[PDB]
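The chain below stands alone, shown as structure tokens; this is the form deposited in one PDB entry.
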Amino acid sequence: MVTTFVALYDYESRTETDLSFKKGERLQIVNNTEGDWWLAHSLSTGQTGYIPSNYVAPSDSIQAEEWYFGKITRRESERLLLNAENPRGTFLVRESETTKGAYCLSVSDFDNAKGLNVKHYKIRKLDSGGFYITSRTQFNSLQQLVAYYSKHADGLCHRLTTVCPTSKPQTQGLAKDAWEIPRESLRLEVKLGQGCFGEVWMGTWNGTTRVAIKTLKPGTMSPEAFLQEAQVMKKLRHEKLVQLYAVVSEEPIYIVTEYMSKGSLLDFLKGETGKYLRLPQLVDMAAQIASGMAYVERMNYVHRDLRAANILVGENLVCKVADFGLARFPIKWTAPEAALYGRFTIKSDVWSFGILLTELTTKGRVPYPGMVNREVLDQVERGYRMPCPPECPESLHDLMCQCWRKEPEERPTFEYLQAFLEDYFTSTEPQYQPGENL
């Protein structure tokens, strides 16, 4: 039939042909084919229009439930669950990444020895159609398991109390078929930064939506070579990359992306924000950046300008790779063969990541302290490399030295760097609570 969907978040209208809704509103949708915007009809308000498809789930599905987070990893479930204000027994249900087919109940806990921690309980999918954590207490569905452990601890660490708070996500695109937008639809209001290609502003699209807008001085790039680059970038879709929403293509080129108010990593390492970062948090930020770049690597594309100034920070120490060097002077981050011969590859990005690692372990200090752009290039071509920073572990510097091999083909992959940094204090995230309480 017409499928009835339930809204998972509020959504405010942006254009003349999309549809406002509130969390829990049921919407009829006839063609729910894979896509980013669907045509909906509300049976509450009678109103019609396009809605972002990641804001709804089929009524009566496990995806319609507030506590089902789906394809989130153990890392990222712990990022949300370890938010220090939410009480003992805050929880979510997700898929297991250790064992295919199986689910996982992740619950915040607290102990006098270990403090605030997260416990993970394997939810067995009985091959005949049931669910359990222990085989003495079985359930027909995940929602009966959760209804149950909300009243009874019964071998869990805590009774399930509060549904894990998440933030309402981005839509994919600003609107159904919005890409090349008119300059009039953008209001540049607040200055975020200035660069060697353009300015970065905070503004609004259509009066309604917060966006970030990056401008590029005319002459940087012919709009055609730019537009070809921007649609490659538009195809990229990852939790650890900033989304490119829209573009003003004529000259002066605008690039419209997701605004992130906490700002750059570079500014975040410094001062009041960066005085609460310890090694564990800095290694966590590096691992997220490596995740984003591992996707870029998988997608056979290139950043060309990776550094802490081009990483943006979100809630719970989220880091996203931003400002792709689509128009490619940060010579201190540029691989020798990239600066000398114009050879920008995923391998020159690996070099830049090594330089970004010294920024993360030095509270944001500038690379090659006391060298100028010309000095660095000639010193680096001689084989010079920054020494291990004070307060940086020798094994993180060993990682930097692998990133800084002279030959691009001896530099490791972003898959390797992600694995290394996710495993650093030992982890692909393997620890489940056994079945042996009351």
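The first residue of the shown sequence is 1; numbering continues from there. Take the two forms, find the largest set of C-alpha atoms that superpose within 1.5 Å, and that set is the rigid core.
- According to the record, the deposited sequence contains 10 or more residues between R328 and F329 that were left without coordinates.
- Remark: stretch with higher mean C-alpha B factor among 334-342 and 125-133 is 125-133.
- Of the two segments examined, 304-312 and 109-117, it is 109-117 that shows the higher average Cα temperature factor in the deposited entry.
- Each of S395, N32, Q47, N54 has a CA temperature factor in the record; the biggest one is found at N32.
- In the deposited coordinates, the residue among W205, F91, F139, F197 with the greatest CA B-factor is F197.
- Ranked within its chain, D284 lands in the lowest third, by CA B factor from the PDB record.
- Among all modelled residues in this chain, the alpha-carbon of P412 has a temperature factor (C-alpha) in the lowest third.
- When the CA B factors of the chain's modelled residues are split into thirds, the value for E359 lands in the lowest one.
- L399 sits in the lowest third of its chain by CA B factor, as recorded in the PDB entry.
- Split the chain's modelled residues into thirds by C-alpha temperature factor. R405 is in the lowest one.
Beyond the structure shown, there is the form deposited with a small molecule bound, which is absent from this document and is the topic of what follows.
- Contact here is defined as any heavy atom lying within 4.5 Å of the small molecule in the deposited bound form, and by that definition not a single one of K332, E337 and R374 is a contact residue.
- Heavy atoms within 4.5 Å of the small molecule in the deposited bound form are found in exactly one of 151-159, 122-130, 310-318, 279-287, that being 310-318.
- Distance criterion of 4.5 Å from any heavy atom to the small molecule in the deposited bound form singles out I255 from the list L356, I255, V296, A175.
- Among the residues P218, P169, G263, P165, the one placing a heavy atom within 4.5 Å of the small molecule in the deposited bound form is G263.
- In the deposited bound form, the small molecule sits within 4.5 Å of a heavy atom belonging to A212.
- Taking the partner from elsewhere, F139 is found to have every heavy atom lying beyond 4.5 Å of the small molecule in the deposited bound form.
- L192 belongs to the set of residues with a heavy atom inside 4.5 Å of the small molecule in the deposited bound form.
- The shortest heavy atom separation between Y259 and the small molecule in the deposited bound form is within 4.5 Å.
- Superposed on the core, the two forms differ at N32: its CA moves 2 Å or more between this form and the one not shown.
- An increase of at least 3 Å in the separation of the C-alpha atoms of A290 and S427 is found in the deposited bound form, compared with the displayed form.
- The pair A178 and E34 is tighter in the deposited bound form: their Cα-Cα distance falls by no less than 3 Å compared with this form.
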